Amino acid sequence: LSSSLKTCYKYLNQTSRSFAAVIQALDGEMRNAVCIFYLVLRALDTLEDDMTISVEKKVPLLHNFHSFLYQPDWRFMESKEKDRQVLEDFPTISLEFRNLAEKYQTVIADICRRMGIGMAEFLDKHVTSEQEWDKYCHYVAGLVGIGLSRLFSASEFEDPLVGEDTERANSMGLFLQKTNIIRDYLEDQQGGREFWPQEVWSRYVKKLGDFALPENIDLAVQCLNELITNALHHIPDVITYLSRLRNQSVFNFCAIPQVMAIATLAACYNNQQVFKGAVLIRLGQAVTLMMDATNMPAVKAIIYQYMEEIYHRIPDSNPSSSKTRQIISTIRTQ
């Protein structure tokens, strides 16, 4: 019916290459709720990304973004990013946001608020310690997981526990984000963006940018393996999280990205290609050509199998080899 809701879905498909379809597949109220949540986070992300907006203007935009959701006429016309249409026509998105049931608005507004604060905080600094890496990921990805989970429970399509266990939801985001950060080393390096924790790579080279130099390829891969080992620690929580889902549409929505992340990590482990270009998320065995990420047992199997793909490739000369075998060993046994 609503032309503004029709427009919101036009942007979802425009700005969401993949997620768009699965989001539209969600049951009842979660559909519109997640669609708007995606769009509002999409806009916020657009502002953050836009480098033609001075820090002076950007900090206040990120900080107050959440309240823009309540100003019927607010819009932004100076963006030069590809997805800026959601900023220039924000009143439409913001208008549908205010149509959602109050309980959903509470969640979305709150996530935007905290996310804006966090993003503004990393506008000047880079990631230093592994602790800061968790904090960054938490702001841009963890909170998303917390928000979605809180939306799932608020709608009652999932148990209240899903939205209460913020640590598990946060792990879903961190895993996705750390995996992407690891995979996009080069693409980011060429974009002047740095995300790998300084306290980790500084143990290998002088500047993060050095991993692109062939003489460093070895060190680059060693660093690579250590970050991937770090990301692997989130698997227990991811499994716990997905095993609590009772709604099929919610499950497809959450499981698919997680499965895709493990496969990526698997494809990246001890792989020099990560520093030459984007890597080949590939095939799988005939025991994964037998299942899709649509039921938990199948997902556990898919995740465990990718675990071993990594375990089979752990070279003894790797500095983290011992730690990698260890965390994987722990994940199996639970």
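We number the residues from 1 along the sequence you see.
Figure legend: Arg282 is marked as unmodelled in at least a third of the other comparable entries of the protein.
Look at the C-alpha B-factors of 56-64 and of 276-284. On average they run higher in 276-284. Between the stretches 10-18 and 306-314, it is 10-18 that shows the larger average CA temperature factor. Per the PDB entry, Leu219 shows the highest C-alpha temperature factor of the residues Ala255, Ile111, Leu219, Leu245. Set against one another, the Cα B-factors of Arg168, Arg150, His233, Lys80 in the record reach their highest point at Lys80. Ranked by Cα temperature factor within the chain, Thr324 sits in the middle third according to the deposited record. The entry lists a Cα temperature factor for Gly163 that places it in the middle third of the chain's modelled residues. The deposited CA B-factor of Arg98 belongs to the middle third of values across its chain. Ranked against the other modelled residues of its chain, the C-alpha B-factor of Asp27 as given in the entry falls in the lowest third. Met290: CA B factor lies in the highest third for its chain, per the PDB record.
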